Amino acid sequence: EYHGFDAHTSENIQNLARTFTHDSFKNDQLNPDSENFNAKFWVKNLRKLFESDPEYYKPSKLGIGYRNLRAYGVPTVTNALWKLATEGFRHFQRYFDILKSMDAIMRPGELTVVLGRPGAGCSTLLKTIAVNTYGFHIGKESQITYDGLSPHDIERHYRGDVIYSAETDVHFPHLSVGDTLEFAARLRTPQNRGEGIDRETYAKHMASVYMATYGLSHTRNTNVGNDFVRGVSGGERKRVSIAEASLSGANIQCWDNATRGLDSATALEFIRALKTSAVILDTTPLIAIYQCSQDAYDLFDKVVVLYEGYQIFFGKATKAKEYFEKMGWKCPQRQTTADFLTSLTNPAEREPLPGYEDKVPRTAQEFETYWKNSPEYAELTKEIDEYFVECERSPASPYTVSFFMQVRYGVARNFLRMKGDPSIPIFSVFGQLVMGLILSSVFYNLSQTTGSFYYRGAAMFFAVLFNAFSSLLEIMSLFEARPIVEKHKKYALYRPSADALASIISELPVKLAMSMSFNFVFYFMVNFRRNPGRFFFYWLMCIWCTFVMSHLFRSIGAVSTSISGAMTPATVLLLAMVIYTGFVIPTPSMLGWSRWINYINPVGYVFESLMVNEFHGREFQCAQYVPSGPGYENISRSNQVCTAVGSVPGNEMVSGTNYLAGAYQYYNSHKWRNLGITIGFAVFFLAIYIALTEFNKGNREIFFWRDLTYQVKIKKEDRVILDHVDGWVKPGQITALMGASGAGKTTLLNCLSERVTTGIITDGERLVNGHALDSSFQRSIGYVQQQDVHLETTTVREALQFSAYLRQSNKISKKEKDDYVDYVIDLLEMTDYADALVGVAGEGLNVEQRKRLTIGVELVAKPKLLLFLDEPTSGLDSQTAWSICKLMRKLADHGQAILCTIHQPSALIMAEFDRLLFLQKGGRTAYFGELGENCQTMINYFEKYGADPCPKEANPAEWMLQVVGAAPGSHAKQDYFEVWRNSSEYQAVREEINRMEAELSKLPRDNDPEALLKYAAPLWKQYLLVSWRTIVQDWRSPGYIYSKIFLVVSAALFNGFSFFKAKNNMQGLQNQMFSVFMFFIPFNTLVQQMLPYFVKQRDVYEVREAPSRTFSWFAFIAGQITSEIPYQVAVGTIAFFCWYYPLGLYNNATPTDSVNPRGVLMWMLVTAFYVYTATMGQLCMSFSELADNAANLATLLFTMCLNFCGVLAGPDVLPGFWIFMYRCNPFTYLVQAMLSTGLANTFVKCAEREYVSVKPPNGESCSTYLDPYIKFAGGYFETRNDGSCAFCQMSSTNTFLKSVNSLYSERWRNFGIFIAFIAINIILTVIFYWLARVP
Ligand SMILES: CCCCC/C=C/C/C=C/C/C=C/C/C=C/CCCC(=O)OC[C@H](COP(=O)(O)O[C@H]1[C@H](O)[C@H](O)[C@H](OP(=O)(O)O)[C@@H](OP(=O)(O)O)[C@@H]1O)OC(=O)CCCCCCCCCCCCCCCCC
Ligand SMILES: OC(Cn1cncn1)(Cn1cncn1)c1ccc(F)cc1F
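Using PDB author numbering, the letters of the sequence shown correspond one by one to residues 31 to 56, 86 to 133, 141 to 159, 165 to 465, 485 to 788, 855 to 1491.
Shown next, in the form of structure tokens:
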């Protein structure tokens, strides 16, 4: 373990120094070989000497002195708009004091502790000391100095010497401790003149020395880890944070609750590390702690006590107790001094001494007045004034290395991070390769005739898209590494711009690999121009396109906070760019209001360049001459003409240049200009991204058990976890259950309540009044978990009412349930915040309120037998733990039987329990019985069986733990299990259990048939309640429904008004088909938005509501499925109204007088599409754990469905292999139904550019020459007054609809098929969730 720089640590440092000085080999106190060499002096000298000393003033230590310091500071979805308007009006155009006058001085090498109750201003004080005043202001009368410097000097020039870090250890999970510390050592090492010593080896030696100092040498080559990623222990992560902070050159270090959620054995090591840093490296550590042990308190040098923002004492930690006792306060026996000082601000505690009850401060003002009047304050003020006088009498860039060095080190660290977790690049490259192969399969081997003119247009449109979004997932790397970048900026290590540049540079190999793997396959599987130069130009254009898109995505993400948050507004922009690339709406078809968008579209130029490269200067063999068929068997080719935009009469080949000029209006003079435009766009977006990164940042029945033995299978070997345990509980008694780490107290608690998912019971038996456990036991107990798992939107009253309704017997009327909920609220003292939203931990109920709500949720269910509590007091400050203990005592007084597991309690807390069950290592009970007054009886047990007498001022818990040798460094005289087995107290317990079993059995039973039911409420009631709760939670979510509405409305309006009043020419029909195709894009964003709110509900249900048997899994999954339907239906209605009418599709129904039926069918189709989106998202999420994986799988399946939906290529051109994917596609039928409903049964009028000139034979007219063909195939013609006929190949939209395999007579059937698919999804969900999650 860590014992704070013992002799062997000095030996290790001496060996390291010997190795370092021998490596560079190729006074007495600094020679590792010479005797009388002290590691402390070597470590101190390493930082200053053995490196060049810049002429700039750089302090090696800091201390802060200040006087007169004062700091002060100033919903559903319907009302969200009103709240936003009010907030904006407030933005357009009293004082609540936090910290009152304070005076203090902290010198280097002294560890300081800020004591006080929560909300007393300790965190604010430590923020002020660390020049972190953001969010409030300090008074102008306050005199603050840092060894003669100024707060603004520290803020701007000397940033990084003073650091603040409170509760979150932000590290890279997959980076080893050695690498993490080497990075800081390298970045903090000055360069200047490196002659005489290598910088790399010096940094390595410094990192190794600091690892040795903080006892982290054994953690080298081990991943730092995280709460999710496994790595070093939680107590080692804190020491890693300390080592990194001290290695970067921080002198003043402020921590708030950095030890929160740590056991005493590890909090003590944290304080020991802080003390070691203070004494060896002359740092100034300040810590704000709420649960401090006596051993930890013995390490503090100075203490500052805060009472509602008033500093009531500052001085040596060994004199606070005497000062406050002289004030007239009595310290209760067996109370740690830290707890005494903290409780001296609690009216419930803080009992005055006898005779001092009349003259003692009672309010914060009186305490402050006493402190000011005391001689200690006078001495402190004199010392601070002298320090100020001494300081008065006697670097633009806080960073150390140059920008190039910062970029280089960032690139190296990013490469190391990729090496540690190489899953993402490999997955991205393989996905790109596979999806490019699949996409090229449909476009395989495009022919050389004009029949490919469309497909060659589509392929090049989908190549660019594939290159555009290939780097979309890299944005994730921005969000993961953001907190670490902010921390290292606050440490004055490197700038955010340097990290951005390093991130851009590091993924260039990945970008190149993806580009090669996709383009090389695609350009050749899809038959494009085979010229090597053409391929290389295409590759260059794709490379520049992907650079532009990557920079744009990075710019968008630099000002975001979440993937869905960035995708909601960015989806509209990306859809607009995709639409105006130049293929969906060719330039001739673009409207006047939107022709400007194409000018500022970075992808339109790429598409134009690629199309020019492929088509210009190319001749395509004609595939279909318009006059042909049975009536035209032998005619001259002079009369015929090709069916293409640029076709020339009498020509057997069509030139690519004419087709490009006519259809798209692309020209070869723009082939290279577009490259320059794209390069300029890339540079502009890169500059914007860097600028944003730099700037935009910042109970009659009795339950007992006998001989309970419990074993589990570990490494294919049986292990005994519980060894013949026995005991009981009785109404009105609290039975603490304690033991060592390996005592298995938690295992005993879980096994008693039947919450263990493994193991078997061998010898024991659990009884209720002597009767075995029936099926009604699980519903006759309450269980309060350590963690508080509640929905963030439900109110306290609603949270209690849900449980009361779903867990109480049905015969009880709703009024009785509400009355009991009110009674429980009154009992637990929640009337003040009965209607308050639970909210998140940071904003909402505090820890005590959340724990009270957790207890109440179980109480309202009316447990009849027992109330298990899993560590109720753990993870709470002394006062909140005291309050919870008093609440438990009150509950016991009311007739409840309580059995609680207790971990590391204080003497006062332990004195409140009625009975104790103490477990040794291996589940062996050492003591079971009443602990008497002040734990006296328990003390009277061990002392009477050969144990050292308990100290008069020691905590009984710690003493009894160390008597049995459980505590580290403690020696047990003998195993106390055998002592307990034959002690005349085990005999009493056995006799009592036997008497209870023999006697209580005679009592008449209370056999209630409803008790023997798995769930209290019927299935339909559970389903209805769960669905309504989910609907309300979605409605009250802050910005979810509005996000969906905004995304859908914007996308639908843009799509509708891009094709506003679309004309029915030959190109207009294709444009409208691709409009329908693009109507489905918001699928991915909707799924991503919706999944997290399913994650939250699933977590809440499975963690707590599943074992409690509140409702069945079916009522959960069906409720989740039903919750989303109404919102999707409303969204689909809005989208249909925003898209159908702007396109003017109703005009296609006027000729046949079928406006209403077709409109109704289209509305149903759109709403069904949205419902299908929701069902598919839920299906893909059912069997997966993480939401990101479910979203990715849904996107992949949607892409596969869209590829083979019949738009890009019909079944005739699709390879026979993929035909099944064309039939099993839910989207083929949807697209066919939509197209047939919106386009069928109307006329077609060709545009001027689409008419093909036909020269009739000499001595013939247009009609007499073209009528037989018109009878064969549709179309019409016009006379151009020149002798030629302008022919249009299509006269009715039915021809195009048949070309796309869409029929107007099969719309309804198609619709039905789509509905079937929706049904399937739902069914699959209800099955998959059972297979993957239900146990
Ligand atoms: C960290 C960032 C990393 C980014 C990656 C870095 C990338 C840097 C690359 C720098 C390389 C720059 C090369 C520029 C030199 C162009 C010289 C041709 C200029 C020209 O102009 O060549 C026109 C004809 C086609 O022209 P065309 O068929 O469309 O029409 C004309 C005819 O070519 C004809 O020649 C007559 O014109 P000229 O006599 O030439 O003036 C007239 O004929 P007609 O009008 O009567 O038909 C017409 O103008 O190019 C052709 O064939 C094919 C010729 C190769 C096309 C580009 C070269 C390939 C790129 C290099 C490598 C690709 C990426 C590199 C690796 C990627 C990742 C590692
Ligand atoms: O990524 C695609 C293009 N694509 C890639 N392989 C096959 N088609 C598919 N896609 C992704 N989500 C939905 N469809 C795309 C990207 C953006 C876009 F606007 C359309 C579009 F088809």
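Built from N, CA and C at the ideal position, the CB exists for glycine as well.
Please classify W1176: does DSSP put it in a helix, a strand, or coil? When secondary structure is reduced to three states using DSSP, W1176 falls in the helix class.
How about the stretch 295-305 and the stretch 118-133: do they share at least three Cβ pairs that are nearer than 8 Å? Verdict: no, contact absent.
Which residues in the same chain have their Cβ closer than 8 Å to the Cβ of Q1076, if we skip the five residues on either side of it in sequence? Excluding its 5 nearest sequence neighbours in each direction, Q1076 has C-beta neighbours in its own chain below 8 Å: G895, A896, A899, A1082, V1120, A1122, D1131, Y1132, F1133, listed in chain order.
Look up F1443 in the DSSP assignment and give the residues it is bridged to. DSSP, once it has assigned bridges, lists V1408, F1433 as partnering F1443.
How many angstroms separate the CA atom of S596 from the CA atom of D250? Computed Cα separation, rounded: 17 Å.
Could I get the ranges of all uninterrupted alpha helix (DSSP H) runs contained in the stretch 718-772, with 4 residues as the minimum, in chain order? Here the runs fully enclosed are 746-749.
Considering Cα atoms alone, identify which of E1404, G1430, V600 is closest to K509. Of the candidates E1404, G1430, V600, the one whose C-alpha sits nearest the C-alpha of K509 is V600.
Between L1023, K1018, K1020, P1028, which lies nearest to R1006 when the distance is taken from Cα to Cα? Considering only alpha carbons, the answer is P1028.
So, under 8 Å CB-CB, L1453 and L1391 are touching, yes? Tell me the CB distance rounded to an integer number of Å. About 6 Å; that satisfies the 8 Å criterion.
Which one of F643, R230, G672 has the shortest CA to CA distance from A772? Looking only at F643, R230, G672, the smallest Cα-Cα distance to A772 is reached by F643.
I'd like to check one pair, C635 with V575: are the Cβ atoms closer than 8 Å? Not a contact, by the Cβ cut-off of 8 Å.
Report yes if the CB atom of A283 is closer than 8 Å to the CB atom of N42, and no otherwise. Yes. Within cutoff.
Where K373 sits in the DSSP three-state scheme: Three-state DSSP puts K373 in a strand.
For ligand 1, I want to know if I767 counts as a neighbour, meaning its beta carbon is within less than 7 Å of at least one of the ligand's heavy atoms. Distances from the CB of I767 to the heavy atoms of ligand 1 are all 7 Å or more.
Minimum C-alpha distance to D232 - residue among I360, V497, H223, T239: Taking each of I360, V497, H223, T239 in turn and checking the Cα distance to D232, the smallest one comes out for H223.
Exposed or buried, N1221, counting other C-beta atoms within 10 Å across all chains shown (16 or more means buried)? When all chains shown are included, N1221 counts as buried.
Pick from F1373, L1299, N1381, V1251: whose alpha carbon is nearest that of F1339? Closest by alpha carbon: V1251.
If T783 sits next to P488, beta carbons under 8 Å apart, how far is it from one beta carbon to the other, in whole angstroms? At roughly 18 Å, the Cβ-Cβ gap does not stay under 8 Å, so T783 and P488 are not in contact.
Tell me the rounded alpha-carbon separation between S650 and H641. C-alpha separation (whole angstroms): 15 Å.
Local conformation of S1448 per DSSP, three classes: Looking at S1448 - three-state DSSP - the assignment turns out to be strand.
Residues sharing a beta bridge with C1056, DSSP: The partner list for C1056 (beta bridge, DSSP) reads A892, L1025.
From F673 to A321, what distance separates their C-alpha atoms? If you take the alpha carbons of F673 and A321, they lie about 58 Å apart.
Taking buried to mean at least 16 other C-beta atoms within 10 Å of its own C-beta, is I1476 buried or exposed? By the 10 Å Cβ count, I1476 comes out exposed.
With the cut-off set at 8 Å, would you say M657 and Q159 are in Cβ contact? Contact: no.
By Cβ distance below 6 Å, which residues in the same chain neighbour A1343 in space, the five residues on each side in sequence not counted? Counting only Cβ-Cβ distances below 6 Å, and skipping sequence neighbours, we find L1247, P1248, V1251.
Since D174 and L451 should fall inside the 8 Å C-beta cutoff, what is the C-beta to C-beta distance between them, to a whole number of angstroms? With a Cβ gap of about 6 Å, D174 and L451 count as contacting.
Pairwise C-alpha distance: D1368 and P720: Pairing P720 with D1368, the inter-Cα distance amounts to about 24 Å.
How big is the Cα-Cα spacing for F1024 and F505? Going from the Cα of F1024 to the Cα of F505 covers about 50 Å.
Cα-Cα separation between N1138 and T183, rounded to whole angstroms: One C-alpha to the other measures close to 50 Å.
Please report the distance separating the alpha-carbon of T903 from that of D240. Answer to the nearest angstrom: the Cα atoms are 30 Å apart.
Confirm the yes/no value for this check: CB of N1348, any heavy atom of ligand 2, distance under 7 Å. Flag unset: Cβ of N1348 not near ligand 2.
Pick helix, strand or coil for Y125, following the three-state DSSP scheme. Three-state DSSP puts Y125 in a strand.
Considering only DSSP beta bridges, list what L220 is partnered with. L220 is bridged to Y217.
Taking 6 Å as the limit between beta carbons, can you name the residues of its chain near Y381, skipping five residues before and five after? Here the set comprises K171, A435, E439.
Compute the Euclidean distance between the alpha carbons of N1303 and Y1328, then round it to the nearest angstrom. Roughly 28 Å separates the two Cα atoms.
Residues in its own chain within less than 6 Å of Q1284 by CB, not counting five upstream and five downstream? Excluding residues within five positions, the ones whose Cβ falls inside 6 Å are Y1326, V1327, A1330.
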